[PDB]
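Please note: Cβ atoms are built from the backbone with ideal geometry, for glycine as well, and neighbour counts cover all protein chains shown. Derivation of every value follows stated rules applied to the coordinates shown; laboratory data play no part.
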Amino acid sequence: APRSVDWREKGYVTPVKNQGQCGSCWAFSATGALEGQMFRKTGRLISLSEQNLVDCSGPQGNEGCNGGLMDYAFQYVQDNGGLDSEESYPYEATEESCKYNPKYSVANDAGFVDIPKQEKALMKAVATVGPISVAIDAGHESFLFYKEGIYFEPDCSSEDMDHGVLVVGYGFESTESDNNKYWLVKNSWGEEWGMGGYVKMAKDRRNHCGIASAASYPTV
Ligand SMILES: *C(=O)NNC(=O)[C@H](Cc1c[nH]c2ccccc12)NC(=O)OC(C)(C)C
């Protein structure tokens, strides 16, 4: 695999969004991965509606602002036959009744692929597919205050994740501890968090924060 990857430079990634206080991280991670695969297919980057997923993908197993799973979102887009654009179905950060309109659908998928639970397999998928939806243990104050550098939390759990995010690449930089590799991760807490809304999460450190434990992407 390459030593560094960044799908933003290939046009695969929309700007950082903000989920607000709604527990809709799974919808932002899913739209991010579908934005990437739709761009891969059509050459057009179109921001997708997280509110569409929050309001409408309950029958696939999601629970709106109380949480959800990216794979359930991908299943919804397949079952539903479409997904509306962000512009047509904007984000309200609260659960409401479903308002999907097929006339404004701009994305589809035919299922999803679950990556094996190893960082080596996540690296291969990131290098060859595009941005990948992942779940991480983000439940630590160090994650809230992250400013720059490679994020490493000694209390992070590799098995108990609470937050869906999007791996858009990976790379390296020299560090004091010589733990130099990172996953380049797009969050959904706005631009003021982290590095413009991004975090470099420790890579190849025993599946830090569980980043390779629930990785997947839609098939387009
Ligand atoms: C985000 O704003 N809130 N978190 C979530 O929605 C949870 C994210 C999560 C945790 N573990 C995951 C594995 C695979 C995909 C997403 C994952 N989701 C969550 O708590 O889901 C319910 C248990 C269904 C509520």
Discussion item. When you scan the stretch 136-154, do you find a residue that is under 22 Å from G82 (Cβ atoms) and either out of contact with any helix residue (DSSP H, G or I) (no Cβ under 8 Å at 6 or more places or on another chain) or not aromatic (F, W, Y) (or both), even just one?
Written reply: no
Worksheet item: Of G43, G58, which residue is over 16 Å from the mean Cα position of the chain (by Cα) and at positive phi?
Response: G43
Discussion item. Suppose we filter the stretch 23-64 for residues that are under 20 Å from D137 (Cβ atoms) and of a type outside the set (S, T, N, Q); how many remain?
Written reply: 9
Worksheet item: under 19 Å from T94 (Cα atoms), touching a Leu at 6+ places or on another chain (Cβ under 8 Å) and surrounded by fewer than 24 Cβ atoms within 10 Å (Cβ to Cβ): does that describe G23?
Response: no
Practice prompt. Name the one entry in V5, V54 that is buried (at least 23 other Cβ atoms within 10 Å of the Cβ) and not small (G, A, S).
Written response: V54
Worksheet, complete the sentence: Scanning the stretch 31-62 residue by residue, the ones that are outside any helix (DSSP H, G or I) and either among the aromatic types (F, W, Y) or in contact (Cβ under 8 Å) with a residue 40 or more places away in the chain (or both) total 4
Worksheet item: So how many residues does the stretch 193-218 have that are under 30 Å from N108 (Cα atoms) and over 15 Å from the mean Cα position of the chain (by Cα)?
Response: 1
Worksheet entry | From the options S49, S29, residue that is among the hydroxyl-bearing types (S, T, Y), buried (at least 21 other Cβ atoms within 10 Å of the Cβ) and within 14 Å of the ligand (Cβ to nearest atom) | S29
Discussion item. Tally up the residues in the stretch 64-95 that are without any contact (Cβ under 8 Å) to a residue 24 or more places away in the chain and either touching a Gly at 6+ places or on another chain (Cβ under 8 Å) or surrounded by 15 or more Cβ atoms within 10 Å (Cβ to Cβ) (or both), please.
Written reply: 1
Worksheet entry | Filter result (closer than 28 Å to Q37 by Cβ and touching a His at 6+ places or on another chain (Cβ under 8 Å)) within the stretch 126-182 | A135, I136, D137, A138, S158
